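Under the entry's author numbering, the first residue of the sequence shown carries the number 3, and numbering increases by one thereafter.
Read the structure below first, then the notes.
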Amino acid sequence: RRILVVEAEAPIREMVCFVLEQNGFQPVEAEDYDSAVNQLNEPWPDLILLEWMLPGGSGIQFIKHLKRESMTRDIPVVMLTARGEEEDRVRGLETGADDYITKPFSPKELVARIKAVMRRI
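Here is the structure:
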């Protein structure tokens with residue numbers, strides 16, 4: 003599955019990509035909002051992992067943007083946060099994300115979350 007990993011920190015993206023490739027997914031990287039937007043075209047991501055604090059714009063507007071076109075409307079988005087305190091706050095904001103994972107995360111939790119959202123699509 004093509005997983006778009008949107009996160010500022012190279013070593014974090016790389017840890018994510020490693021876990022995903024070891025598990026048979028096809029991860030690709032975006033370091034900021036515009037890079038992610040530029041990859042909303044063929045080949046389309048099947049799921050997006052989105053850092054809440056991503057440089058370059060708002061995670062709320064990023065998610066609303068996906069809903070603007072039927073093509074991207076149904077792509078699951080898992081929000082990545084920088085620890086549980088931020089996760090609770092972002093849960094509170096009703097951002098429209100499909101699920102949430104906080105950093106640092108285990109390989110088990112990363113795969114479990116991605117699998118769960120993809121299974122219910």
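Here a beta-carbon is modelled for each residue, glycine too, at the ideal position from N, C-alpha and C.
Using 8 Å as the threshold, is the C-beta distance between residue i and residue j below it?
i: residue 126; j: residue 6; result: Since the displayed the chain opens at 3 and closes at 123, residue 126 lies outside it and no answer follows.
i: residue 79; j: residue 123; result: no
i: residue 94; j: residue 65; result: no
i: residue 3; j: residue 27; result: yes
i: residue 54; j: residue 88; result: yes
Please determine whether the Cβ atom of residue i lies at a distance below 7 Å from any heavy atom of the ligand GTP.
i: residue 55; result: The model depicted lacks the ligand GTP and carries no ligand whatsoever.
Considering only C-alpha positions, which residue in the set the options is nearest to residue i?
i: residue 56; options: 9, 3, 105, 67; result: 9
i: residue 77; options: 14, 114, 107, 100; result: 100
i: residue 17; options: 118, 102, 40, 113; result: 113
i: residue 11; options: 33, 107, 37; result: 33
Express the C-alpha separation of residue j and residue i in angstroms, rounding to a whole number.
i: residue 85; j: residue 35; result: 21 Å
i: residue 121; j: residue 24; result: 19 Å
i: residue 105; j: residue 83; result: 6 Å
i: residue 13; j: residue 43; result: 26 Å
i: residue 31; j: residue 90; result: 26 Å
i: residue 61; j: residue 81; result: 9 Å
i: residue 52; j: residue 63; result: 12 Å
Per DSSP, what kind of secondary structure is residue i in: helix, strand or coil?
i: residue 57; result: coil
i: residue 24; result: helix
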